[PDB]
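A lone chain, given as structure tokens: the form deposited in one PDB entry.
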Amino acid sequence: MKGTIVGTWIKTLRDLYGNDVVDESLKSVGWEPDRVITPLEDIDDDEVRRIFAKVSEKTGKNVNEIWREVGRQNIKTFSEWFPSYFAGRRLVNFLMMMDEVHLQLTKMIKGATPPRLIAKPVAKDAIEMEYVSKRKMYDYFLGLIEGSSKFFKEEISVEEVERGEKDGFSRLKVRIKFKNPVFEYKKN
């Protein structure tokens, strides 16, 4: 996992559960207080899982519920760390650029494995979006969508069309319907 993104998760975990829960969890995996993670660092996914496993133990919350809450809250964290990705956009632009963002924010990393997040318009008021990743972070993905709706103040409904693993890839396809239409037909 890109170290910067792990850094956003650490800040979000403090916002959600408190500095004590986080500081202790980080020290149980051997980090010294307070590690600063660099733009080029890579945190091993097994460490992330161990950090979140300790958060689950101390909060009494199941790790899926943690990831869902982290997904919702990390949009606010992203808006402070990556402000140009939010300003001057609406919810549907933001969602539809995510697949390219994740390709190119990891394109410089050797053996990179970004989630695919391909979105496609299917109606004037709806897109389909498919999470595809070997990491099976379904609740984080869904929380990020719900937090994106909150940040942009645009009402959506999310229909989870299908969720399952194939060839080692976890996939979750959602249909996102906007209360107010977001597309018009235009020239190719």
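Residue indices: 1-based, along the sequence shown. Rigid core (definition): largest C-alpha set, two forms, superposition within 1.5 Å.
The discussion below concerns the form deposited in another entry, not included here.
Among the candidates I127, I66, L142, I43, the CA atom that moves 2 angstroms or more between the shown form and the other one after core superposition belongs to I43 alone. With the core held fixed, the Cα of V158 is displaced between the shown form and the other one by less than 2 Å. Remark: with the core as the superposition reference, the CA shift of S170 between the shown form and the other one stays below 2 Å.
The two forms, fitted on the rigid core, differ between the shown form and the other one by less than 2 Å at the CA of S79. Between the C-alpha atoms of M97 and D42, a gap widened by no less than 3 Å is obtained in the other form, as opposed to the form on display. Distance between the C-alpha atoms of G143 and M108: shorter in the other form than here (change of 3 Å or more).
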